[PDB]
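Below is one structure; the comments refer to it alone.
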Amino acid sequence: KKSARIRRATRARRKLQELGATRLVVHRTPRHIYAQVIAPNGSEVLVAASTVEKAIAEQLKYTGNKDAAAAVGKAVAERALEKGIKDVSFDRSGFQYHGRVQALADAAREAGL
Amino acid sequence: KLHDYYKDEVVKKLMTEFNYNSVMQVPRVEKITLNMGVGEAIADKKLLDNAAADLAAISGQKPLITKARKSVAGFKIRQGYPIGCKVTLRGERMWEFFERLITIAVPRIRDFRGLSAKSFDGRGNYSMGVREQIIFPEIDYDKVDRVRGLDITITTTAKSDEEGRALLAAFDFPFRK
Amino acid sequence: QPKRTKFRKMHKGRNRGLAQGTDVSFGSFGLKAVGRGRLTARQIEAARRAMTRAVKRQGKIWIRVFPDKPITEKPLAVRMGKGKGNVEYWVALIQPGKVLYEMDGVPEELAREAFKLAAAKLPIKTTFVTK
Amino acid sequence: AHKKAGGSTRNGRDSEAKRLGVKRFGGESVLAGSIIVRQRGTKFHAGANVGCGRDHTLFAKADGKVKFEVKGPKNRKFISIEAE
Amino acid sequence: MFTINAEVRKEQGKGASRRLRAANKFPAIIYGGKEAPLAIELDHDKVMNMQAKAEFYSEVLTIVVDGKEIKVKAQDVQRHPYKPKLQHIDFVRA
RNA sequence: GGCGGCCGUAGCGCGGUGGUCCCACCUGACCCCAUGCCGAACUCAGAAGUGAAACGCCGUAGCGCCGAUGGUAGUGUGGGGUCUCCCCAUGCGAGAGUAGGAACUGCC
RNA sequence: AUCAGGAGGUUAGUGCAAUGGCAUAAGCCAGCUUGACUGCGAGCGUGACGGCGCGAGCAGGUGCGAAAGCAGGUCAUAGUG
């Protein structure tokens, strides 16, 4: 078969769909950072939390740094464990290393994922 | 300084009395290419030294020596011969060299004209024509051997002869008819 | 005979050519021939040149089918040399109900006598059609 | 050096390919069929090729690619007996 | 306004068609937007001489099938090969 | 614009119109970080100016693709004659032609 | 010759006689690096028949990568006794 438009952009991952589990997409914005736990077959979002929502707790500083990306990971993951999910793979479509995505992943494990 | 007003103030005015359109298209960023004068022929293994040595004073960084693509054609060319040697970069630099270039030192040469012929005809890339002896405020008056004279270009995406050059004569003079 | 062409070797030239008549207006007349048959370029010229040499009154005479199927022959012994292109040049394939020569003309038929002369040159019983 | 004389392929021998893998009985995770080498994706029964369709069935065993762009090269999604 | 008689195509087939053509009869299909298409059996002799008249395709033909007219216009006519005759003609309600 | 469902008739082109809620452009590069030669890439920051390239809607079916109502040539299959050849029975029917879909649907 | 812009699924190129595959690519450029590892099985060649080859595991371990993963030489089919 040919390479779908998505495969050409290599943003997706078929190797994580062969397992039949969930993902941990990490959206990044020059103002905010977002994370989700979408499941196969469309865009089924079970749990998610934005850095802007972190303010609801008691956030003061900017929401576009590293320490903020780690705070969101603990929130999205905490809510995930409350849902019923245990395992999850990391899905960072295009990005560098040691960036905010790594801090997001390291935060997810800190919760229990 | 006197360079910011040309992309917010003196850009809408030159698009109202004789244009009647939108806001964009006239005139952006994108790097500006600065070519060098053919160094070939002049002399032998040299000149390249005094080169990049003077082209690194008016600006930053040093030019790179790149060759062509190994593909012999219907011309006298071997495989692996340094030719061209071009390096162009920007970001916010190509904005000041449009100030200290056409303000001081000119008029202040020795026999400057004032009237220029119609360079281009049906394009965007203008033209130029400077001699070998030039006097700049960013160059020593007595210590430079072999005077250098490089041209000056400017890339633009115009569609008609008019509607253009009206921005050039908005800071870069003289230019009589 | 499996239809043929070239993509092989160059043979003789066309004994035909002169389409004749003016093509500023496209008509829908013709001279159908009941029965399929292979006609060589030469015989096509004799028939075409027969009517054209008779329709001096006017023109508008045209042909749709042309020879595009070569046929090689072999004279002598045999054991080295598929086939060369000799007298047997290109040949046209005519269908049981195909229109060959059609002349743009309103009921004033002065070429029926011409088509008759040509109808006696091609190996196939042809019939005159008005539509 | 270069090629010449236009044409289709270039004549060979007798095709060497089969169609092993009933995929309706016991099936160890291995190449189900034989025609063209090099290909992955299918981990179970995924017989799906342009046409009236394709199919396979029953056999619990992780992974099980096909031959290549032939008998249903596409990769479906899981399948086993009925209750391994 | 040409008035032609006709029936309905019950045994739709090449075999049944040839038995009609031998008796001077050919099939035909009529359509008209919301109106459901209908296949009828027209007279060969009549239509043949009527279709020869150019106005045939411009008139509002009054085809009386079995016991009632329909009023339609000619579209295209499929002629027969070996024997110059009518094979099938299309019509449109007008 | 946010938030869902159905979930390859959402391939690919093309038109109108709306929200300063939103969003790319754009703008600025002090710093984290980064380009073999070029913060263009990469990454960070502010928001003067538009909608000229998103998105929300909504108007054409070109072309790709997926379905539906109508049928000649061609063709499956078994008997007939006939110089070749052609015919009949029977299951379909080239390809052309008439139409369906450019989203659909809930909420703030 | 080069450079800048536009059109351009691709007719380029990919070692080799051709077909098949491929473009945000298995193509090009640059950098880095080097799995052409060891041991032992199951399977594939209507119809039994060896060497050899290939696809696919397991056990222990080399290279690169974040990792999955990729190798049993050069995209596959001639270059051998």
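We label chains A, B, ... in the order they appear in the structure tokens, count residues from 1 in each chain, and number ligands from 1 in the order shown.
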Q: Using only C-alpha atoms (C1' of nucleotides), determine which residues lie at most 12 Å from residue 50 in chain E, disregarding the query and same-chain residues fewer than 2 positions distant; provide the list as a list in words.
A: residues 1, 2, 3, 4, 42, 43, 44, 45, 46, 47, 48, 52, 53, 54, 55, 56, 57, 58, 59, 61, 74 and 86 of chain E
Q.
Neighbouring residues of residue 100 in chain B were defined as those with any atom within 9 Å, considering only C-alpha atoms (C1' of nucleotides); residues of the same chain fewer than 5 positions away were excluded. Please report them as a ChimeraX atom specification.
A. /B:105,136-138
Please produce an output containing C-alpha atoms for each residue in the selection, written as a CSV table (one decimal), in the first residue's frame.
```csv
chain,number,residue,atom,x,y,z
B,105,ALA,CA,29.6,59.5,2.4
B,136,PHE,CA,32.9,55.3,3.3
B,137,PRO,CA,32.7,56.3,7.0
B,138,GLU,CA,33.3,52.7,8.0
```
Q. For chain E, which residue out of C:95, C:105, C:61, C:49 is the nearest one, using only C-alpha atoms?
A. C:95
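Here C1' of residue 57 in chain F stands at a distance of 10.1 Å from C1' of residue 16 in chain F.
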Q.
To test your reading of the structure, identify every residue in range 18-100 of chain A that backbone DSSP assigns to helix (DSSP H, G or I), and report it as a ChimeraX atom specification.
A. /A:53-56,66-83,100
Q: Excluding residue 25 in chain C and residues on its chain fewer than 2 positions from it, collect all residues at most 10 Å away from it, counting only C-alpha atoms (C1' of nucleotides), and give them as a ChimeraX atom specification.
A: /C:22-23,27,60,104
Keeping N, CA, C and O atoms for every residue in the selection just given, could you write it to a file as a tab-separated table (two decimals), in the first residue's frame?
```
chain	number	residue	atom	x	y	z
C	22	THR	N	-12.29	20.24	-49.75
C	22	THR	CA	-12.06	21.23	-48.71
C	22	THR	C	-12.67	20.74	-47.40
C	22	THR	O	-13.76	20.17	-47.40
C	23	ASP	N	-11.97	20.96	-46.29
C	23	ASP	CA	-12.46	20.51	-44.99
C	23	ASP	C	-12.75	21.67	-44.05
C	23	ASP	O	-12.20	21.73	-42.94
C	27	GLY	N	-19.14	16.90	-42.91
C	27	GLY	CA	-20.42	16.31	-43.25
C	27	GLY	C	-20.59	14.91	-42.69
C	27	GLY	O	-19.80	14.47	-41.86
C	60	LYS	N	-15.06	18.32	-52.12
C	60	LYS	CA	-15.63	17.84	-50.86
C	60	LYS	C	-15.58	16.32	-50.74
C	60	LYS	O	-16.31	15.72	-49.94
C	104	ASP	N	-19.07	15.55	-49.25
C	104	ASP	CA	-20.02	16.53	-48.75
C	104	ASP	C	-20.84	17.11	-49.91
C	104	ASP	O	-20.42	18.07	-50.55
```
Q | Near-residue 12 in chain E list (10 Å; only C-alpha atoms (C1' of nucleotides); drop same-chain fewer than 2 positions) as an MDAnalysis selection string | A | (chainID E and resid 8:10 14:17 27 39:40) or (chainID F and resid 71)
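Within the 12 Å cut-off around residue 44 in chain G, using only C-alpha atoms (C1' of nucleotides) and omitting residues fewer than 6 positions from it on the same chain, the listed residues are residues 16, 17, 18, 19, 20, 21, 30, 31, 32, 33, 34, 35 and 37 of chain D; 53, 54, 55 and 56 of chain G.
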Q | Interface list for chain D, partner chain A, 8 Å threshold, only C-alpha atoms, as a list in words | A |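 The complete set of qualifying residues is residues 43, 69, 73, 74 and 77 of chain D.
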(Q) So that I can check the surroundings of residue 29 in chain B, please list as a PyMOL selection string every protein, DNA and RNA residue that reaches within 9 Å of it, counting only C-alpha atoms (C1' of nucleotides) and ignoring chain neighbours fewer than 4 positions away. (A) chain B and resi 90-92
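Closest approach to chain A among G:42, G:58, G:4, G:67: G:67, based on only C-alpha atoms (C1' of nucleotides).
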**Q.** Shell of 8 Å around residue 81 in chain D, only C-alpha atoms (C1' of nucleotides), local chain residues under 2 positions omitted, as a ChimeraX atom specification
**A.** /D:57-60,79,83-84
(Q) Can you work out which residues from chain A touch chain F at a cut-off of 10 Å (counting only C-alpha atoms (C1' of nucleotides)) and hand them back as a ChimeraX atom specification? (A) /A:30,41-42,44,64-66,95-96,99
**Q.** Interatomic distance, CA of residue 53 in chain A to CA of residue 82 in chain A (Å, one decimal)
**A.**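 Computed distance, CA of residue 53 in chain A to CA of residue 82 in chain A, equals 17.6 Å.
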Q: For CA of residue 65 in chain E and CA of residue 5 in chain E, determine how far apart the two atoms are, in Å to one decimal place.
A: 5.8 Å
